[PDB]
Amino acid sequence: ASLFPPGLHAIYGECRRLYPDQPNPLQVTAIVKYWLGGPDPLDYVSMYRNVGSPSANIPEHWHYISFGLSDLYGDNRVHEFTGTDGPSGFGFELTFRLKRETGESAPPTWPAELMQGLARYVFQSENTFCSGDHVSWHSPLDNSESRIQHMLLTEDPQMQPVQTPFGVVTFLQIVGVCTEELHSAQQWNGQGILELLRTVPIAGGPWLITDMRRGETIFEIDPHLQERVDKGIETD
């Protein structure tokens, strides 16, 4: 009397189209669900292995997808049902791509935590996030010493918006960045820095993968990108 949640199924469906050979991936869950009084708004976080793409500049990475920001059950236990047209719940779920480090047999679990924190902001303030937005996390994302301490949001390069009997669901991918890059996004705009990040493989690449070990800003890597920012600001 807890069948496979329709909302969850729609997302799970997309996940399968992408990882047909990973039907039983590592999945993390809140021991006491939010709608039962728990502190974490995301009911589940699936963690897949993405081989990426040798050919392109795309390295092997871990891919995370959340469950809870959208309307999973459609019975008003967390979000209000609002037809199949509008957005399901908040309208999206968070995703994240973490560069795989040698000797990693499974995907590290800290990103679920990061997502719960972001989700917690959405649930309580009730303000949603959009592609291009930035979040001044102001702390190394994985509680390490990393220079990646903030976030930019963009649409997931592979996960496509899904139709649900409870509304549409899109996927917002988290992209870790350095404070200098965050400031740059504030001076100009998120979409601009996102474009730049795509041109610098080690900082994101086409799929905007995050490398928590990156020690340099895109600007330190290629001081010419600054020009591009200056022009953007100007012509905007």
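Residues carry their position along the shown sequence, with the first being 1.
Average Cα temperature factor in the PDB entry - higher stretch of 118-126, 81-89:
Between 81-89 and 118-126, it is 81-89.
Regarding 52-60 and 196-204, which shows the higher C-alpha temperature factor on average in the entry?
According to the entry, 52-60 carries the higher average C-alpha B-factor.
Top residue by Cα temperature factor, when 71, 104, 133, 113 are compared in the entry
Comparing C-alpha B-factors across 71, 104, 133, 113, the top value belongs to 104.
Residue 155: which third of its chain by C-alpha temperature factor?
Its C-alpha B-factor belongs to the middle third of this chain's values.
Chain-relative CA temperature factor third for residue 38
Tercile = middle for this residue's CA B-factor.
Residue 66 CA temperature factor, ranked by third within the chain:
It falls in the bottom third of the chain.
Which third of the chain holds residue 95 when residues are ordered by C-alpha B factor: lowest, middle or highest?
Its C-alpha B-factor belongs to the lowest third of this chain's values.
Looking at the temperature factor on the CA atom of residue 187, which third of the chain's modelled residues does it land in?
As the PDB entry reports it, the C-alpha B-factor of residue 187 lands in the highest third of its chain.
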